[PDB]
Amino acid sequence: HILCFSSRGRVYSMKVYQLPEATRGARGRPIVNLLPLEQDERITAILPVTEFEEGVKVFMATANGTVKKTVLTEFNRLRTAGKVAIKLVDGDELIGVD
Amino acid sequence: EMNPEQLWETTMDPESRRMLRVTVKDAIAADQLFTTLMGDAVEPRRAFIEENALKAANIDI
Amino acid sequence: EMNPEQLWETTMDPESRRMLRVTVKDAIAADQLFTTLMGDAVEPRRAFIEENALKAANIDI
Amino acid sequence: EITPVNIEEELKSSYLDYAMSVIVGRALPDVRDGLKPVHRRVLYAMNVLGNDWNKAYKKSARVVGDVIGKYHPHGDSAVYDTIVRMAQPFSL
Amino acid sequence: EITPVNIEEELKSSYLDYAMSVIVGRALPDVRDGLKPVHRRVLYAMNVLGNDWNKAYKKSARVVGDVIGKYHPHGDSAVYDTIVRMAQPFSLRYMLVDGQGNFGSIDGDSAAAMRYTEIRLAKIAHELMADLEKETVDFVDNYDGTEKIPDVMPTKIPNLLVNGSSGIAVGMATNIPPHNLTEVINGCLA
Amino acid sequence: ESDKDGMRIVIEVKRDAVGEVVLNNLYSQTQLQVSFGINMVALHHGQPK
Amino acid sequence: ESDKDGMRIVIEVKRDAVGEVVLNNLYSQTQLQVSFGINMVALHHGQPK
Amino acid sequence: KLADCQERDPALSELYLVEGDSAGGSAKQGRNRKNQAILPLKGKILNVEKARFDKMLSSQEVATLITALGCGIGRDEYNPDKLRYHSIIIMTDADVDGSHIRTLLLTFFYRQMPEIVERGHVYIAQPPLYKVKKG
Amino acid sequence: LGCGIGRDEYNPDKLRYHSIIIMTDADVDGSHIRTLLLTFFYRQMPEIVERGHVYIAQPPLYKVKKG
DNA sequence: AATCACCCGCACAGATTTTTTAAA
DNA sequence: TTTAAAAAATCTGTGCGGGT
DNA sequence: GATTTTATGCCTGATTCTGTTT
DNA sequence: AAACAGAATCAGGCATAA
Ligand SMILES: COc1c(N2C[C@@H]3CCCN[C@@H]3C2)c(F)cc2c(=O)c(C(=O)O)cn(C3CC3)c12
Ligand SMILES: [Mg+2]
Ligand SMILES: [Mg+2]
């Protein structure tokens, strides 16, 4: 599973093999065809997940030294449009998630 | 299969024709009969046919 | 009245078909013949039909 | 396999064939009885069927089928149109 | 003179007449030979004409004319459509009519008009009408009382199972798939 | 491409797909698989049964 | 107004005219008078004549 | 396809509904064109008990019948006082396929125009079946 | 045919098939139709005829069998 | 000589209406 | 406390074969 | 079960060009 | 300098065919 964090704290879920497959010399495909992002909304961090179990938490580390902890079970089911997972301020971005 | 003269003189001449006039008697059973015989549901129609035409004819006592 | 397989195997197969190819020989007689046979005036057509179908057939030696 | 042919000879032969066939066998009457081939064939078929003037009537489809299937190698609607005209009091 | 009538009685009588006629005489097959009335009349007419499996073909118009002029009082286009279906190898498991000409294709093409084609009986169709002249079945009257038609065929083939059937009536319908002849014979012997 | 050897229909799949998935979708959405409801009714002694 | 007795067509004359002029105009302009061209051609010994 | 009459008083006129084209032509040829009208029906008619209102409005046979009657339909402009004929007569064959058409027409008249039936404007014809002759 | 018509837009180099075959019945009406088609081709498209693109088919008439 | 519209029962894919449920 | 998205639950065409 | 377009010859009514006159 | 007679052209209808 793939968890995508955008520039506004949005979270989306996806499978790895659903991504475009190409060769070494190929350019790629625009990710806008796969996620309903904004015109200037871009991913900044990806957290692979094997399966959901227990009630373990997800530690989120952003820029400017901000921390946050949330329960994983909130991300067990997601719609086409993601739900806000963190209230960011100004030009603060998630850089590390585990 | 009839010539026009025969058709006129047997059915359309007011001097020697016979007809029927349609009237309504109850107006509360007519709705039920029309709904049963001309409606979308099939099972009431099948039951009506089976009860009337099939079994009642075999025993006219 | 022919089955499709018979039609193919007798007429449309390139390895068994026989055909004719159309050519023009004189190009000055063709115009007159077309005008006489397919034109609007009836008298030349009738005369041509009579000459080529009665005298040249019933009389010969 | 492929044989050349001149256009004039083909045109002449084909048109003469069609014209003679139409003149002698479709559209003109005979001076002795005054009938065209289709009238003669229809009358002969009705005579063979036993469709006399003091017996019961017969369906038109049966007569048309016999005529088309034994004597006249053409379509069946024009045959019925021909039969219809021979029974109208304002035509004959 | 004018006499009155109630609407309920008229409705009931007319609809019962139509329903019973359609159920018993147009759309369902008999369990003994597996044929509808139109199939039986077509086969009987072809048998009377002398249209055998080892003789020359005959034009379809002649057969249709005989059928609708002596036995079947309906239109002719539907009769021709019925005859066409009995000769297509992709419709019947064992065909009953032998055709000469353009009779359609599995691709969805239509058949030619009846002024172009020819037909005759198939070899297996002679086993459906065996011993017909030795008083083995009953005969009934036509719509005029001038001809006679068999009531059922004295068949040697279990036609209903090996060819199937499908028809729509008032209040009921049928749908039967075709089978294989050898297996049905073995089952009958068992 | 059907011919005298028998029926033959050719469908070509892109490089960004799998043949099995499109085959299953064709089974589901077109008449490459149909249902047949059996209903055995016939006339016995002049009565439906 | 045709009926079983026979054919009957009724044409109404205006109050300011005589019937004869109208009748002659109808003869000249409508199909109340037609021409029949006679041309007797038939087959004699297999030939037209 | 309507063959009208010459009388202008609706209380002295008749309208015939005939089953087919051949019978329609036969009726047109041998009528009294002073006060009798003919309207032929082709094929079987819609069942207005199993269909919806817009489907009934978009069918051409029903539309022509409604136009010929002249009362209007829809329970919003339906005025039974503008009927163009005071006698409606149904004439079909004497077989089992005429009973079906009779039932369909009766269903239409009863479901859509109750007042016409209540006032007694609908009739049914009785053609003969046999003919005998001895000399 | 795909060549145009009118001698003002007629270009005989746009022909979509290089073989044109006429197939009719073996009776008199087939002969009439053949004459009509030949008239059309000769009067309206002479270059097609002059380049030998027109053919005539020849089907059989009888079939015999013994065993 | 091809094309056009209904009746009659049954099975199913696709389009509309109500009803619930997680996000601001 | 709204309020857009699932999600179920109803409707709606269509074609098979003898007839008009 | 209605409507729809061609061939083939002869006759007519309606419309469109062409030279003439007031 | 337009009218106006005379001539030429064009459709449509009739019974068997595709
Ligand atoms: C004119 O009636 C028919 C129609 N139509 C009826 C519709 C409403 C009126 C306007 N015409 C349409 C087309 C049709 F489509 C098919 C057939 C038809 O196949 C047929 C037959 O014997 O095979 C017979 N008939 C007539 C005996 C009913 C058909
Ligand atoms: Mg015709
Ligand atoms: Mg039909």
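Chain naming here is simple, since letters A, B, ... match the order of the sequence lines and numbering starts at 1 in each.
Closest approach of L32(F) to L26(F), counting heavy atoms only: CD1-CB, 3.9 Å. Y116(E) and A112(E) make their closest contact through CD1-CB, 4.1 Å (heavy atoms, listed as atom of the first residue, atom of the second, distance). Shown here for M40(F) and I38(F), the closest heavy-atom pair between the two residues is CG-CG2, 4.0 Å. The two residues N76(A) and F52(A) have their closest heavy-atom pair at OD1-CD1, 3.4 Å.
Distances shorter than 4.0 Å separate none of the side-chain N or O atoms of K42(H) from OP1 or OP2 on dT20(K). Contact check, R85(D) against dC14(M): no side-chain N or O comes under 4.0 Å of OP1 or OP2. Between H39(D) and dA15(M) there is no side-chain N or O to OP1 or OP2 distance below 4.0 Å. For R79(A), no side-chain nitrogen or oxygen approaches OP1 or OP2 of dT21(J) to under 4.0 Å. Side-chain N/O atoms of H32(I) include none lying less than 4.0 angstrom from OP1 or OP2 on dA17(M). Applying the 4.0 Å criterion to OP1 and OP2 of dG9(L), one finds that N39(G) has every side-chain N and O outside that range. OP1 and OP2 of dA2(L) both lie 4.0 Å or more from every side-chain N or O belonging to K1(H). Regarding contacts with the backbone of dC6(J), a side-chain N or O of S59(H) is found under 4.0 angstrom from either OP1 or OP2. Contact check, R10(A) against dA24(J): a side-chain N or O comes under 4.0 Å of OP1 or OP2. In this model, the phosphate group of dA5(K) is not approached by any side-chain N or O of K83(A) to a distance below 4.0 Å at OP1 or OP2. Distances shown here put every side-chain N or O of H74(D) at or beyond 4.0 Å from the OP1 or OP2 atom of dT16(M). Between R45(C) and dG9(L), a side-chain N or O to OP1/OP2 separation shorter than 4.0 Å is present.
No side-chain donor-acceptor contact under 3.5 Å links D93(H) to the backbone of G98(H).
For DNA chain L, the stems formed by at least three consecutive Watson-Crick or G-U pairs, with both atom-pair distances below 3.5 Å, span L:9-22 with M:1-14.
Judged by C1'-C2'-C3'-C4', the furanose ring of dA23(J) adopts a south pucker. Sugar pucker annotation for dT20(K): north, assigned from a positive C1'-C2'-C3'-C4' dihedral. In this entry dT4(L) carries a north-puckered sugar, per its positive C1'-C2'-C3'-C4' angle. With its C1'-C2'-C3'-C4' torsion below zero, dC7(J) shows a south sugar pucker. Sugar conformation, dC10(J): south. The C1'-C2'-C3'-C4' torsion carries a negative sign.
The nearest whole Å value for the distance from the CD atom in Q88(E) to the P atom in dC16(K) is 12 Å. Between the CZ atom of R115(E) and the P atom of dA18(M) there is a distance of 8 Å, rounded to whole Å. In this entry the distance linking NZ of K44(H) with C1' of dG1(L) reads 16 Å, nearest Å. In this structure, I101(H) places its CD1 atom 15 Å from P of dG19(K), rounding to the nearest Å. To the nearest angstrom, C1' of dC8(J) lies 14 Å from CG of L37(B). In this structure, the NZ atom of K36(D) is 11 Å from the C1' atom of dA17(M), given to the nearest Å.
Adjacent nucleotides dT18(L) and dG19(L) meet the stacking criterion of ring centres closer than 5.5 angstrom and planes inclined by less than 30 degrees. Consecutive bases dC4(M) and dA5(M) are counted as stacked, their six-membered rings lying with centres under 5.5 Å apart and planes tilted under 30°. Both conditions of the stacking definition, centres under 5.5 Å apart and planes under 30° apart, are satisfied by the base rings of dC10(J) and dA11(J). With ring centres under 5.5 Å apart and planes tilted under 30°, the neighbouring bases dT15(L) and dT16(L) are scored as stacked.
Across the interface with DNA chain L, nearest-nucleotide mapping of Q33(G) and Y18(D) shows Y18(D) to be the residue nearer the 5′ end. Where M38(C) and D21(H) meet DNA chain L, the nucleotide closest to each residue was compared, and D21(H) sits on the side nearer the 5' end. Between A169(E) and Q29(F), it is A169(E) whose nearest contact on DNA chain J lies nearer the 5' terminus. Between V42(B) and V48(H), the residue anchored nearer the 5' end of DNA chain J, judged by the nucleotide with its closest heavy atom, is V48(H).
Residue contacts for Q60(H): at a heavy-atom cut-off of 4.0 Å it reaches no nucleic acid atom on any strand shown.
Side-chain polar atoms of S91(E) and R85(E) form no donor-acceptor pair below 3.5 angstrom. Remark: the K68(A) side chain and the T70(A) side chain contain an N/O donor-acceptor pair separated by less than 3.5 Å. Defined by atom type and a distance below 3.5 Å, a donor-acceptor pair is present between the side-chain atoms of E41(A) and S6(A).
Of the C1' atoms belonging to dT3(L) and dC7(J), the separation is 25 Å, rounded to the nearest Å. For the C1' atoms, the distance linking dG19(K) with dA5(J) amounts to 13 Å, nearest Å.
Using a 90° window around 0 for the glycosidic torsion, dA2(J) falls outside it and is classed as anti.
Side chain of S35(G), nearest nucleotide from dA6(K), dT12(L), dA17(M): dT12(L). Listed nucleotides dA24(J), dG1(L), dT8(L) differ in distance to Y15(D); the shortest reach to its side chain belongs to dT8(L).
The closest side-chain heavy-atom distance from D76(E) to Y80(E) is not below 4.5 Å. With contacts defined as side-chain heavy-atom distances shorter than 4.5 Å, the pair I23(E)/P48(F) qualifies.
A 3.5 Å limit on both hydrogen-bonding distances identifies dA23(J) as the Watson-Crick or G-U partner of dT2(K).
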inquiry  = Does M38(C) form a side-chain contact (heavy atoms from CB on, under 4.5 Å) with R45(C)? I'd like the steps, not just the answer.
reply    = CA-CA 8 Å; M38(C) 299 294 171; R45(C) 174 157 53 254; over 6 Å; no
